[PDB]
Amino acid sequence: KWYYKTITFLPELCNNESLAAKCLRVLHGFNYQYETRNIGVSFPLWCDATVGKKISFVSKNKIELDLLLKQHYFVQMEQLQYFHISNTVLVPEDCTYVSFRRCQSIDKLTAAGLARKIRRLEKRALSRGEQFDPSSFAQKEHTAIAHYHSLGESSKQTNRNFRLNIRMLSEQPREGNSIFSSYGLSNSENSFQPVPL
Amino acid sequence: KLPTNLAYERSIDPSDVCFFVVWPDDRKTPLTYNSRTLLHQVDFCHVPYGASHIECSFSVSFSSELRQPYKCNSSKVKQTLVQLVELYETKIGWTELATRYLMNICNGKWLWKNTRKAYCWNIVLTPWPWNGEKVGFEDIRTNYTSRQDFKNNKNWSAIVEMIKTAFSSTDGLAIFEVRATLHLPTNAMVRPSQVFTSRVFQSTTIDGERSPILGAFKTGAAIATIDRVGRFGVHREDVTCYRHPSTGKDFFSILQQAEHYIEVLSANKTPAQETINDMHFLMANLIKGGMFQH
Amino acid sequence: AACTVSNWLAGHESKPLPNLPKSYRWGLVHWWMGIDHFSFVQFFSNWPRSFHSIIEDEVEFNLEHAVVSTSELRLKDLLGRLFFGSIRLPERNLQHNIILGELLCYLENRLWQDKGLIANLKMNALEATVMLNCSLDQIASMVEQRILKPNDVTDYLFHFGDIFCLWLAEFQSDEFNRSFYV
Amino acid sequence: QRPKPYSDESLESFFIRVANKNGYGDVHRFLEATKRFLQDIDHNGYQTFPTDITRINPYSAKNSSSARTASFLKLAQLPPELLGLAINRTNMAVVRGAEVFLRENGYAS
């Protein structure tokens, strides 16, 4: 059975985008330093102009989640009056299930991503065929996209600041796998596991 | 002193700058930009992958429309200004203004920030009337970086001469057609003019498709940046304006000394520190044109 | 070696100590209480490395545990305590105020590192006066002259690098001088 | 690279020596080279860098003296003693090094 604990960004003068990015960073770190990927991440509240003031971690295993929220970052921010932590609350039956899927489409929709796509096609052209001309490919005159937050991230193996984005959408209230990617994302390559508010 | 009606017409007439993309086959296609909107409009313009070099072309035409005022309520100030122009031309000459206006054409100042991270960019122009080969400048970044570097060109004296004749003789006219070649890095940012209203560019349809553009007025500002020449020394980035009316070196506080300047230009050798610079500013404002009604 | 500070405060000998004037010695210990035991003496032993290391740990704590954002940070969030504190000391003589001398050395030598995070910190008009020894009316005068370029009486419109360079250009004094600390 | 320094050197004389030694034919072309370098690194004060040796000191920069000192410090860091030799203004009138007021600074005053 799912269990969750929540934390609220107490200061009013703060970028909750940056705070959520740091939270996802420590979450990913724990998901590697340890092999488990049980715990997902959910935002109880979401606004079209900014991510919510609270972030709630949802996991099928209680012990793993509690051990995760004992990480050094959380402890050293707790006594600084910048974080407020809830111990644990069982998932209510009245909660709703939505998925915070990460969107890889924007990384290709952007201009440098389009250039990367064309370069990848050029490299994959080693599969024998007539040499294509880049002049044929062109960018769309107009592009319309739904609301997203694009929290932000920095790679550790190499100094590349790739920015991750998540789009919220409702899904079927049942999925028993309880698996996620390196970060809680509800867009795991295997399946799009929902998370509760 | 200022008559109720007094208007001048611009002598320098820049045109729009149209960007072209050159492919390795040397075929040219108009540059295009993407527009992104959220459900606020943000516009992105980058060099497509595989493009050889961006090409920008525009035409600037000089004319002798500063000889006499376009409109003039009173005849006295009309002949005053005409005599002032004649005396300045005869005593100081158009060489300084011509060189300052021509350097911005040749050094790529009109490209604004588009030349920031380009490896090398060339400026080649075909003047009119002309009787030989096109004037060509190669690798402005390293070769032509100073007045001496420009003057050491093969025919720098010839091109600057036709501007002097155009400014001096009535009906005289010189037309240039500039063509820049920018070897920008792969998928480098191109910064065109943004329309008055977020980031949204000015666009004109070329060959059936929209293209980013640099406004004609915006290019004129870069060509006329010789001091930007204006009634007051207005600075765009830092809000404060130099040549404030309190400083006594604006256009009007200088224009109203026309009789004194006429006396000075004809009596003895003018000082190169104060009077010559004031004369340069006055004629630079006259070339720009405008209305000096009140 | 805790008893050595009694000789140091008297104002002679004390080889492991910089033998500052007794007023500045007192001010130094005044700083030290906040940040009275034997830890005092060996802090000034291997002093440059020690001071740079404590600055490292404080800056790293404030950056890693930053709450506002990676950019757009404020001086108090990142360096406020150590800076705003040590600054207002007696006389403010750079050479005699060894702590402020070394702090300014470190700050200037690490300006524009990484993405210039220390050279783009947003600062308000009040701390600018504190670190420039200037009047509010004079600050209004220079911002009217556009010597200061905003990006209001109390607003975060200036940058640390710009303010520091303005101090180096226009607010050097006979005793608040850069050459006394380089 | 850094030429041989000494305290008596003024700002203009140091730039003369550096331009002569670094390989550039003559000054009035070194200051230009500097301006372009500053443009390359995208320093906001690249516009106001003087072209002539006269008024190179930050005390003759009108309102754009902070930009000149920033450019000087950035050039020094990316290391010789560019500052100190400079002639500045003070709120107290003219300061250079640690005294308020191959050539020598005493010649200028």
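Residues numbered from 1 in each chain as written, not as in the entry; some residues may be left out. Chains lettered and ligands numbered in written order. Part of a larger assembly, values for the part shown. Heavy atoms only, no water.

Judging from the entry metadata, cryo-EM is the method by which this structure was determined, and 3.36 Å is the reported resolution.

Structural notes on unusual backbone geometry
The peptide bond linking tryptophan 128 of chain B to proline 129 of chain B adopts the cis configuration, its omega dihedral lying at 0°. The topology assignment puts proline 129 of chain B in the loop between β8 (121-125) and β9 (135-137). For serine 150 of chain A, which is not a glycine, the phi torsion comes out positive at approximately 55°. Relative to the elements of secondary structure, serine 150 of chain A occurs in the loop between β7 (142-145) and β8 (166-170). In this structure, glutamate 91 of chain C takes a positive phi of about 70° despite not being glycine. (Helix = DSSP H or I, 4+ residues; strand = E, 2+ residues; numbered from the N terminus.)

Comments concerning the sheet that holds strand β3 (residues 99-100) of chain D
Residue and element names in this part refer to chain D. The sheet built from three strands is open, its strands ordered β1-β2-β3 with antiparallel pairing. Both outer strands of the open sheet, β1 (88-89) and β3, are each paired with one neighbouring strand and no more. For β1 and strand β2 (residues 94-96), the ladder comprises two bridges, and the chain directions are antiparallel. The residue of β2 that forms the bridge with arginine 89 is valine 94. (Pairing = 2+ DSSP bridges.)

Here we look at a positive patch on the surface
All names here are of chain A. A cluster of basic side chains, namely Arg116, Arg119, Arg120, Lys123 and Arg124, defines a positive patch on the protein surface. Relative to the helices and strands, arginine 116 resides in helix α5 (residues 111-124). Assessed through its relative accessible area of 47%, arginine 116 is described here as partly exposed. (Patch = residues over 30% accessible without salt bridge, like charges linked within 9 Å, V, L, I, M, F, W, Y side chains within 5 Å. Areas by Shrake-Rupley, 256 points an atom, 1.4 Å probe, with all protein chains shown as cover. Salt bridge = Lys/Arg side-chain N within 4 Å of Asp/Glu carboxyl O. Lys, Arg positive; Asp, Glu negative; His and termini not counted. Charge placed at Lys NZ, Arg CZ, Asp CG, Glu CD. Buried < 20%, exposed > 50% of the residue type's maximum accessible area, 1.4 Å probe, protein only.)

Observations concerning the environment of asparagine 73 of chain B
Structurally, the position occupied by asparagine 73 of chain B is in the loop between β7 (71-72) and α1 (75-91). Of the polar contacts made by the side chain of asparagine 73 of chain B, one reaches the side chain of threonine 4 of chain B; its length is 3.2 Å. (Polar contact = N/O pair within 3.5 Å; in protein donor to acceptor, adjacent residues only side chain to side chain.)

Quick look at the interface of chain D and chain C
In this complex, chain D contributes 21 residues to the contact, which on the side of chain C involves 25 residues. Counting each side, the surface lost to burial between chain D and chain C is near 1900 Å², with a carbon and sulfur contribution of 50%. There are two salt bridges connecting chain D and chain C. Among the ionic pairs, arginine 89 of chain D bridges to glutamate 170 of chain C, the shortest N-O distance being 3.5 Å. For the pair chain D and chain C, the number of links is nine residue pairs in polar contact. Elements with a contribution of two residues or more to the side of chain D that touches chain C: α3 (65-77), β1 and β3 of chain D. Among the elements that make up the side of chain D that touches chain C, the one with the highest residue count is α3 of chain D (seven residues). (Contact = heavy atoms within 4.5 Å. Buried area = accessible area lost by both parts, 1.4 Å probe.)

Considering the arrangement of the chains
Ranking the five pairs of chains in contact by contact count places chains C and D at the top. Regarding chain A and chain D, the two do not touch, and the least distance separating their C-alpha atoms is 20 Å.

With respect to the pairing of strand β4 (residues 34-38) of chain B
The side chains of a regular strand alternate, residue by residue, between the two faces of the sheet. Relative to β4 of chain B, β7 of chain A runs parallel, the two sharing four bridges. For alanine 144 of chain A, the partnering residue across the bridge sits in β4 of chain B and is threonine 37 of chain B. Relative to strand β5 (residues 41-44) of chain B, β4 of chain B runs antiparallel, the two being bridged by four bridges. Residue pairing across strands places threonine 37 of chain B opposite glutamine 41 of chain B, the latter belonging to β5 of chain B.

A word on α3 of chain D
Spanning 13 residues, α3 of chain D covers 18 Å between terminal C-alpha atoms, matching the ideal 18 Å at 1.5 Å per step. In terms of residue burial, α3 of chain D counts as a mostly covered element, since 11 of its 13 residues are buried. For α3 of chain D, every residue scored as buried is listed here: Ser65, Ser66, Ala67, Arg68, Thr69, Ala70, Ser71, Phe72, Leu73, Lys74 and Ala76 of chain D. Looking at the buried residues of α3 of chain D, the elements they touch are α6 (98-109) and α9 (160-170) of chain C together with α1 (11-22) and α2 (30-40) of chain D. (Expected span 1.5 Å × (residues − 1).)

Points about a negative patch on the surface
The grouping of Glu130 and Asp133 of chain A together with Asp25 and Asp26 of chain B at the surface amounts to a negative patch. Position of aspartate 133 of chain A relative to the elements: it lies in the loop between α5 and β7.

Topic: the pattern of salt bridges
Tallying each qualifying case throughout the model produces 27 salt bridges over all chains. A salt bridge links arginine 17 of chain D to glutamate 9 of chain D, with the nearest nitrogen and oxygen atoms 2.7 Å apart. For the residue pair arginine 17 of chain D and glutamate 9 of chain D, the accessibility class agrees, reading buried in each case. In this structure, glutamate 99 of chain D engages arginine 96 of chain D in a salt bridge whose closest nitrogen and oxygen atoms are separated by 3.7 Å. Using a relative accessible area of 37% as the deciding quantity, one classes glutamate 99 of chain D as partly exposed. Look at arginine 96 of chain D and you get buried, because its relative accessible area is 6%. One network of salt bridges, in which partners are shared, links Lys5, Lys62 and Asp66 of chain A.

A short note on the packing of α1 of chain B against helix α7 (residues 258-267) of chain B
All names here are of chain B. Contact geometry of α1 with α7 gives a least axis separation of 10 Å together with a crossing angle of 30°. The orientation of α1 with respect to α7, classified from their angle, is roughly parallel. In terms of crossing hand, the pair formed by α1 and α7 is left-handed. Residues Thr80, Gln83, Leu84, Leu87, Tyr88 and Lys91 of α1 lie in contact with α7, whose contacting residues are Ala258, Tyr261, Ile262, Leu265 and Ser266. (Axes fitted to C-alpha atoms, helices over the stretch in contact; angles between N-to-C directions. Parallel < 35°, antiparallel > 145°, perpendicular 65-115°, else oblique. Left-handed = near helix turned anticlockwise from the far one by under 90°.)

A look at the side chain of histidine 280 of chain B
Along the chain, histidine 280 of chain B falls in helix α8 (residues 275-288). Among all residues touching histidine 280 of chain B, those that are not within four sequence positions of it are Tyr88, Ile92, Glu96 and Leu97 of chain B.

Some words on the packing of aromatic side chains
Under the criterion given, the structure shown has 40 aromatic pairs over all chains. On the numbers, 6.0 Å between centres and 35° between planes, the contact of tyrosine 8 of chain B with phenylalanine 292 of chain B is tilted. Grouping residues by exposure puts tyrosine 8 of chain B and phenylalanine 292 of chain B together as buried. Ring plane angle 50° and centroid distance 5.7 Å describe the contact between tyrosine 24 of chain D and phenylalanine 30 of chain D, whose orientation is recorded as tilted. A cation over an aromatic ring shows up here: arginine 116 of chain B above the ring of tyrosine 46 of chain D, its NZ or CZ 5.2 Å from the ring centre. Against the face of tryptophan 112 of chain C rests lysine 74 of chain D, its NZ or CZ located 5.1 Å from the ring centre. (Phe/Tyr/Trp six-rings, centres within 6.5 Å; stacked < 30°, edge-to-face > 60°. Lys NZ or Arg CZ within 6 Å of the ring centre and 35° of its normal.)

Considering a nonpolar patch on the surface
On the surface, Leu9, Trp26 and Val29 of chain C cluster together into a nonpolar patch covering about 320 Å² of accessible area. For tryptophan 26 of chain C, the location among the structural elements is in helix α2 (residues 22-34).

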